[PDB]
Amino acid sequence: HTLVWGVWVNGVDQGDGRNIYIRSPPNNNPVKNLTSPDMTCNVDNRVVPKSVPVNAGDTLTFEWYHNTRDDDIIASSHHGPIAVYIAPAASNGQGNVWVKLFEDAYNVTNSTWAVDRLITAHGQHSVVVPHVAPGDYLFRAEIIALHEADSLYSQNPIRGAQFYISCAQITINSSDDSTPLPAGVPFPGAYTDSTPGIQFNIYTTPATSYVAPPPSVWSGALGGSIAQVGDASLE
């Protein structure tokens, strides 16, 4: 159970973005229905007044929270992967538009799921802004908690993979446009009950056998990472 407070740009806090540059839902309840319009940008998808200015090669850091900013972030039972997608604000989420810029599941060395590391990072994970056409974009961050993903929602409505999904409005000002944005996948639509990574037993199966949902990460991505970049408590 978790939501996004706002973003930092190159380590600089852009202030509370809720309902201002983030399309925030009314609360932190998960999304579970794979076919629902809520898979796009959660239950409350609508243009909000503002958009964060960035340039290609900026580091955009999303800050998640549970109840208050910089609290325990997400419950420690909610093991799973984290992903970030981009689409043009043009689409409004609809059609085959979403492109993956980041995926992180289980790191075998430290033996931590991406969600564990996000808790350590005080709710902060980042992506480098790719060299797409200047303009207005939605960045959709998704945490998949798998603590009940042994069943499917469509067969057992009280269980299933849980998606904590949030969309940020971002304006990309300076960019050479060396990597124009391709078409990508629809949400709802890219995740179905058959798709790998959706049904999985984190209690019986080992985390190394986990295989995150498709699609794979666009080659035009410049990466990202899970790690604190600023301190919220100095504010």
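A residue's number is simply how far along the shown sequence it sits, counting from 1.
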Fill in the blank from the handout: When mean C-alpha B-factors in the record are compared for 108 to 116 and 139 to 147, the larger belongs to 108 to 116
Practice task
Could you settle it for me: does 51 to 59 or 202 to 210 have the higher average Cα B factor in the PDB entry?
Solution key: 202 to 210
Practice task
Pick out which of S126, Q162, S154, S91 has the highest C-alpha B-factor in the PDB entry.
Solution key: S91
Problem - For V229, the third of its chain into which the C-alpha B factor falls - result: middle
Handout entry: Entry-reported Cα temperature factor of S174, expressed as the chain third it lands in
Key = highest
Exercise for the section: Using the B-factor values recorded in the entry, state whether the Cα atom of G189 falls in the lowest, middle or highest third among the modelled residues of its chain. Expected result: middle
Exercise for the section: Sort the modelled residues of this chain by their C-alpha B factor and say whether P37 lands in the lowest, middle or highest third. Expected result: highest
Practice task
State the tercile, meaning the lowest, middle or highest third, of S219 with respect to the CA B-factors recorded for its chain.
Solution key: highest
